[PDB]
Structures are given as C-alpha cells and as structure tokens.
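There are 2 protein chains.
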Amino acid sequence: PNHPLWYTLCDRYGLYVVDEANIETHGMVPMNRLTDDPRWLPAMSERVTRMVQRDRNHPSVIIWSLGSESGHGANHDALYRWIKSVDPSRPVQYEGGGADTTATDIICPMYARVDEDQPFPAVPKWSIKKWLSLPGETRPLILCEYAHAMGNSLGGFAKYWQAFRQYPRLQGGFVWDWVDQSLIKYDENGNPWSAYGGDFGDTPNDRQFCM
Amino acid sequence: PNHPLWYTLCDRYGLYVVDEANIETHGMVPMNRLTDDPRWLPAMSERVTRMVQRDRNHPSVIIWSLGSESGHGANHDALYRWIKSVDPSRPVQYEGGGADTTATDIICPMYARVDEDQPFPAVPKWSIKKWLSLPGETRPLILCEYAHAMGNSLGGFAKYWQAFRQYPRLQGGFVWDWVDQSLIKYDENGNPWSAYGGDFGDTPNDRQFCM
Ligand SMILES: CC(C)S[C@@H]1O[C@H](CO)[C@H](O)[C@H](O)[C@H]1O
Ligand SMILES: CC(C)S[C@@H]1O[C@H](CO)[C@H](O)[C@H](O)[C@H]1O
Ligand code: NA
Ligand code: NA
Ligand code: NA
Ligand code: NA
Numbered sequence: 394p395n396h397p398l399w400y401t402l403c404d405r406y407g408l409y410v411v412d413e414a415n416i417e418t419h420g421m422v423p424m425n426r427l428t429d430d431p432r433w434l435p436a437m438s439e440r441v442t443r444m445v446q447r448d449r450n451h452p453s454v455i456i457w458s459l460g461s462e463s464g465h466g467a468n469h470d471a472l473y474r475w476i477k478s479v480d481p482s483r484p485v486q487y488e489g490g491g492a493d494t495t496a497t498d499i500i501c502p503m504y505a506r507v508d509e510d511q512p513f514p515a516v517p518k519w520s521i522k523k524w525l526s527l528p529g530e531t532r533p534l535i536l537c538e539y540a541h542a543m544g545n546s547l548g549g550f551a552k553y554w555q556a557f558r559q560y561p562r563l564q565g566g567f568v569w570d571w572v573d574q575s576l577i578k579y580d581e582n583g584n585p586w587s588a589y590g591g592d593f594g595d596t597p598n599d600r601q602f603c604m
Numbered sequence: 394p395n396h397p398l399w400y401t402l403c404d405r406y407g408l409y410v411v412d413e414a415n416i417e418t419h420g421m422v423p424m425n426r427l428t429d430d431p432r433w434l435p436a437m438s439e440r441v442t443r444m445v446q447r448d449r450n451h452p453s454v455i456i457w458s459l460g461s462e463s464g465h466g467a468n469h470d471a472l473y474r475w476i477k478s479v480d481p482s483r484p485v486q487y488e489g490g491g492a493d494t495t496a497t498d499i500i501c502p503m504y505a506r507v508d509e510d511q512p513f514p515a516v517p518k519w520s521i522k523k524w525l526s527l528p529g530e531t532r533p534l535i536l537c538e539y540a541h542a543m544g545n546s547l548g549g550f551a552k553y554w555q556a557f558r559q560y561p562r563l564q565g566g567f568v569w570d571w572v573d574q575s576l577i578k579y580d581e582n583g584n585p586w587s588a589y590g591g592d593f594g595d596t597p598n599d600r601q602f603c604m
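Protein chains in written order, with the UniProt record's numbering: chain R, 394 to 604; chain P, 394 to 604.
Shown next as structure tokens:
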C-alpha cells in the first residue's frame, strides 16, 4: 500500500489503481513455504484486511491484489475469499503460483510473451494469446508485469499492443516499471552520481537490477 | 452422403468421417432464404434424418454435419436439435451463418486465416487463434475448409500447422480439397485432355474453379 496521498491524487487526476498487500516471500524455497502455512495466516491476513479497511472508499482503486511473488498457498485462497465477501465491488488478482490460480479473477502473468510459450514445469508462462483459450479458461488477461525496461530496452513493445488491440480478452498490462531505483552518492569533489546495488558496500547484492 | 461403400472402407482402413446432409443453397439471396422458411423444413429434414438413419452404425462417422453454405435459418436449429436428441454419440457441426451459431458444437469456419482477421459484416472470419478466446466462447475450432489448393497453392500451410500444434482448442481442419474436378474431353487426334468450366459450352460457368 502507498502513501495515503497517492490515492487522493489518483482519484482527482484519473488513474486506475491496483492496490496491493505488503506481502512478498520471493526468497523462500519453495516460494509458497510461508503462504501455505497456517501459522503465517494471521500475519498475512492483517496485511490484506487492514489495506482494504484503509483504501476501500477510493474510486481510483479498481482491483485488489494479494501481494507479489509468494507462490500460491492456502492462505492466498482464504484471503482472496475474505475480500470477495467484504467488498464485492472490485475484482481480486494475484500472480503467484502460475498467474491463473483459484486466488485470482484475472489471468495476471509477469513477462509472459506474446507468441512464444515458455513451458516451465508447474508454472508455465504461456503465450498470452494461447493462455486465453486454454481448455475451460474464461478470464480476462492483464499482465501484472511486462516489458522489463532495464537499461536499453522495450524491444518488442509494439508486439504487445498489437495483441492487446486485436484480442478482446487481452486487456493490457503494467510495464515494469516507472522509475530507476538509483541512489545519489557524492565523489571526492562533492559531485553527485547515480549508484546501484553494491555501491554502499552492501553484499550480497544484485547490482544494476534495481534500475 | 457418399456411396455406401465409402464408410465401409473408412471403418476398415481407419479414417475419421464427417457425414454431411445433401443441403446447399449457396446461390440464394440472402443465403438463408430457404433454410429460414418453414415451407422448406420438410424437404430439409428428410435430407438430414434419412442420412442419420442410413449411416448411424458406422464407427468411421464421428461428426454429423447439417450441410453446406446455406446461411443460418431456423430449420438448421430444428434439425440440429433433432440429431442431438436421436444420436448423442456424435457432435453436430454446421458452418453457415458465421461458423459459430447455435446450430454447431464445433467452431468450423472456412478459410479463416491464422493471424489475420477478416471482419466481414454479420459473418466475420476472425483469425482462428482470436476466435477461440472471444468473450464467452468455449468450443473447439476445426476448420471445415481451409488451404484452398487451387493450382499453384498451399502457400502458408505451415502457419496453420504451427497454430494447430500450439493451441489445444485448435484441433485441425479439412483441406479444400482432395481431387481436381477436371473432366476428360477428346481432341481431333483423339487425344484426351483435361477440361474445366466452359469447355462443354456450359454458360454461365466458373472456369477453372472446379480444380
Ligand atoms: C528471474 C528473476 C530475475 S525475478 C524478476 O526480477 C525482476 C528484476 O527487475 C523483477 O523484480 C521481477 O518482478 C521478478 O520477477
Ligand atoms: C466467394 C466464392 C469464391 S465462395 C468459395 O468458392 C470456393 C471455390 O472452390 C469453394 O467452393 C468454397 O466452398 C466457397 O466458400
Ligand atoms: Na483487448
Ligand atoms: Na528490479
Ligand atoms: Na491443437
Ligand atoms: Na471449387
């Protein structure tokens, strides 16, 4: 959840917002180790429920999200249903555990390609055009993350937009991402320069992946 | 419906058969002028019912078809339901009136392209990949006709097969068609040659389109 003024400005200027719970357990092995564990359900529930209690009156918020990159656990299903029960007015989405689990109203993959399948075991990233028409599938597809804009990038961005415009159920996506996470440091002359992972003696680090 | 021996050979050699009622009204304006008219229901019904009564025991027949290129009329709906009621063991398909009407279990377009939409009014031919995932659509797609093999043709055939293999619900199609409808005529030297529309003084004719 963002600084409270963010939603005020989104209401007044006009942006659709996905409001997302402060839950990410990416570094767990497997990714759902905590989110499938009932012991972690109370802590998780508060991150979801207190977000909804705070932001439910903002018109800019059109979708709730259960968080980011935490696999798919039973705790996700429980909290998905909590929101659906408490606030029928907004769909709930969540990408973890394959982007099309029982905890999401929207197929919301990250970095699924337009035409190319990536058939990873358990959590494949189907071509977005193919994903829509899989046997039994009926949901809309909106990438929670696509077009990783890291450095000299956004090659093949036009390919997404062509597909979005042609297929009714391909309803767009959220680019990753808005702003480089570089920090200002100062050299011997007091001149400012942009720094990234590792430039603060921080180790282990992931270098320029913050940009 | 074919010569009776055809089904016997398909049973024994092993080919899947679509058995099709002898109903085509292509030259009507509009195409459903007769098929939507209750006066023509009796004649149409016998073309359907007597086919089913003849061929229902052949294992090679897996799909019934209501005919060809006769638009979509209420008579098709009636006869669709008739077959479904009499023989639940085989799907019913029919392409007329846009290939995805209430008279078909299978989306069965003719010459719909792989990636290219052709948004004709009333009867659009969507790209087959796009067709599958139109809002609400759940049926399999098998082209009743595709890859028109007229003369030097089958350009782009590989594009179809790549899509068939990638998308579970694209379950193939029937090439148009098997054999040139050329006829033998004889010249002065008694030599046989291959003749097409117009070569018998037949007029109006559609020239080489029989091949
Ligand atoms: C396969 C890994 C690089 S995960 C990848 O890292 C990205 C780095 O910018 C983002 O954080 C994405 O959300 C994450 O999926
Ligand atoms: C627009 C017309 C060419 S219709 C077209 O003609 C073809 C010619 O072989 C086939 O008969 C197809 O079934 C028919 O749709
Ligand atoms: Na769209
Ligand atoms: Na990053
Ligand atoms: Na297929
Ligand atoms: Na022809």
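All residues carry an ideal CB built from backbone N, CA and C; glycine is no exception.
| query | Are the C-beta of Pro528/P and some C-beta of chain R separated by less than 8 Å? | reply | Indexing the second sequence from 1 puts residue 528/P at position 135. By this cut-off, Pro528/P is an interface position.
(Q) So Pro561/P contacts chain R; which residues on that side make the cut at Cβ distance below 9 Å? (A) As a working note, residue 561/P is residue 168 in the second sequence. Per Cβ cutoff of 9 Å: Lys523, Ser526, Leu527 and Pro528.
**OP:** Helix, strand or coil for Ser575/R, going by three-state DSSP, please let me know.
**Re:** By 1-based counting over the first sequence, the position of residue 575/R is 182. Here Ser575/R carries a coil assignment [DSSP, helix/strand/coil].
Measure the CB-CB distance between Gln574/P and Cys537/P and report whether it falls below 8 Å. Taking the second sequence and counting its residues from 1, the one referred to as residue 574/P is at position 181. Taking the second sequence and counting its residues from 1, the one referred to as residue 537/P is at position 144. Remark: C-beta atoms of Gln574/P and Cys537/P do not approach each other more closely than 8 Å.
Give me the Cα-Cα distance between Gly549/R and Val507/R, rounded to the nearest whole angstrom. As a working mapping, residue 549/R is identified with position 156 in the first sequence. As a working mapping, residue 507/R is identified with position 114 in the first sequence. Roughly 9 Å separates the two Cα atoms.
Note the first and the last residue of the continuous alpha helix (DSSP H) segment covering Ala467/P. Position 74 of the second sequence holds residue 467/P. Segment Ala467 to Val479, the alpha helix (DSSP H) holding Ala467/P.
**Prompt:** Under a criterion of Cβ closer than 6 Å to any non-hydrogen atom of ligand 1, which residues qualify, in chain order?
**Reply:** With 6 Å as the limit, the residues whose C-beta approaches any heavy atom of ligand 1 more closely are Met503/R, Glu538/R and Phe602/R, in sequence along the chain.
Could you tell me which residues DSSP pairs with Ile456/R in its beta bridges?
Taking the first sequence and counting its residues from 1, one reaches residue 456/R at position 63. Per DSSP, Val411/R.
- prompt: Taking C-beta to C-beta, are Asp592/P and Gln559/R nearer than 8 Å?
  reply: Reading the second sequence from its first residue, position 199 is the one you call residue 592/P. Reading the first sequence from its first residue, position 166 is the one you call residue 559/R. The Cβ atoms of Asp592/P and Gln559/R do not sit closer than 8 Å to each other.
Original post:
Can at least three beta-carbon pairs, one atom from the region 421-437 of chain P and one from the region 456-464 of chain P, be found at a separation below 8 Å?
Top reply: In the pairwise beta carbon analysis, the region 421-437 of chain P is classified as touching the region 456-464 of chain P: at least three pairs are separated by under 8 Å.
- [ ] Take the Cβ of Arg405/R as the centre, count every other Cβ of all protein chains shown within 10 Å, and call the residue buried at 16 or more, exposed below.
- [x] Along the first sequence, one-based indexing puts residue 405/R at 12. Around the beta-carbon of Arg405/R, fewer than 16 other beta-carbon atoms lie within 10 Å, marking it exposed.
- prompt: Does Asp510/R get closer than 8 Å to chain P when you measure Cβ to Cβ?
  reply: As a position in the first sequence, residue 510/R is number 117, starting the count at 1. For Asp510/R, the nearest beta carbon of chain P is closer than 8 Å to its own beta carbon.
task = Would you give the residue range spanned by the alpha helix (DSSP H) that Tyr553/P belongs to?
result = By 1-based counting over the second sequence, the position of residue 553/P is 160. Element bounds for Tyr553/P: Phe550 to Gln559.
Q) Under a Cβ-count criterion, where at least 16 other Cβ atoms within 10 Å of its own Cβ denotes burial, should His465/R be classed as buried or exposed? A) As a position in the first sequence, residue 465/R is number 72, starting the count at 1. Burial check for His465/R: the Cβ neighbour count within 10 Å reaches 16 or more, so the residue is buried.
Can you tell me whether DSSP reads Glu538/P as helix, strand or coil? What you label residue 538/P is simply residue 145 of the second sequence in a count that begins at 1. Three-state DSSP puts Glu538/P in a strand.
Residue range of the alpha helix (DSSP H) that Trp524/P falls in?
Within the second sequence, the letter at position 131 stands for residue 524/P. Counting along the chain, the alpha helix (DSSP H) containing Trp524/P begins and ends at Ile521 to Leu525.
Task: Extent of the continuous beta strand (DSSP E) run through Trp586/P - done: Along the second sequence, read from residue 1 onward, the residue named residue 586/P stands at position 193. That run of the beta strand (DSSP E) goes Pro585 to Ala588.
Item to complete: Could you spell out where the alpha helix (DSSP H) holding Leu398/P opens and where it closes?
Response: Taking the first residue of the second sequence as position 1, residue 398/P is located at position 5. Its alpha helix (DSSP H) spans residues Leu398 to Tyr406.
At a cut-off of 7 Å, would you count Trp569/P as near ligand 2, judging by its Cβ distance to the nearest heavy atom? Against the second sequence, residue 569/P aligns to sequence position 176. With a cut-off of 7 Å, the C-beta of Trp569/P is classified as near ligand 2, since at least one heavy atom of the ligand falls inside that distance.
### Message
By the three-class DSSP mapping on this structure, what secondary structure does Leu427/P have?
### Response
Here residue 427/P corresponds to residue number 34 of the second sequence, with the count starting at 1. In this structure, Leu427/P counts as coil in the three-state DSSP scheme.
Problem - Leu525/P and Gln564/P closer than 8 Å at C-beta - result: Stepping through the second sequence from its first residue, residue 525/P is reached at position 132. Stepping through the second sequence from its first residue, residue 564/P is reached at position 171. Going by C-beta atoms, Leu525/P is not nearer than 8 Å to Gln564/P.
Exercise for the section: Determine the closest residue to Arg532/P out of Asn425/P, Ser463/P, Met421/P and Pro502/P, with distance taken between C-alpha atoms. Expected result: One-based indexing of the second sequence puts residue 532/P at position 139. Check the Cα spacing between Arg532/P and each of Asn425/P, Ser463/P, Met421/P and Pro502/P: the tightest is with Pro502/P.
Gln559/R: CB within 7 Å of a non-hydrogen atom of ligand 5: Start at 1 with the first residue of the first sequence, and residue 559/R comes out as number 166. Flag unset: Cβ of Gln559/R not near ligand 5.
Could you tell me the alpha carbon to alpha carbon distance between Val410/R and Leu547/R, rounded to whole angstroms?
Indexing the first sequence from 1 puts residue 410/R at position 17. Indexing the first sequence from 1 puts residue 547/R at position 154. Roughly 23 Å between the two C-alpha positions.
>> Is it buried or exposed, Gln446/R, if we count other Cβ atoms within 10 angstroms and call 16 or more buried?
In response: As a first step, residue 446/R must be located in the first sequence, where it is residue number 53. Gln446/R is exposed by the Cβ-count criterion.
Kindly indicate which residue of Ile499/R, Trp569/R, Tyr487/R and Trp586/R has the alpha-carbon position closest to the one of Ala542/R.
The residue labelled residue 542/R in the question sits at position 149 within the first sequence. Considering only alpha carbons, the answer is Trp569/R.
Check your understanding: Ends of the beta strand (DSSP E) at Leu563/R?
Key -> If you number the first sequence from 1, residue 563/R lands on position 170. Its beta strand (DSSP E) spans residues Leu563 to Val568.
**Asked** What residue does the alpha helix (DSSP H) around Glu530/P start on, and which one ends it?
**Response** Translated into positions along the second sequence, residue 530/P becomes position 137. Here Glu530/P belongs to no alpha helix (DSSP H), and DSSP marks it neither H nor E.
Sequence-distant residues of its chain with Cβ nearer than 7 Å to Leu427/P (five each side left out): Sequence index remark: in the second sequence, residue 427/P carries index 34 (1-based). When the five nearest sequence neighbours on each side are left out, the beta carbons in the same chain lying within less than 7 Å of the beta carbon of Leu427/P are those of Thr418, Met421 and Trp433, in order along the chain.
- request: Would you mind reading off the limits of the alpha helix (DSSP H) that contains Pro435/R?
  value: One-based indexing of the first sequence puts residue 435/R at position 42. Unbroken alpha helix (DSSP H) run through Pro435/R: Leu434 to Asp448.
* If you draw a straight line from the alpha carbon of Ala551/P to that of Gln486/R, how long is it in whole angstroms? -> Sequence index remark: in the second sequence, residue 551/P carries index 158 (1-based). Sequence index remark: in the first sequence, residue 486/R carries index 93 (1-based). Distance between the alpha carbons of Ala551/P and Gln486/R: 38 Å.
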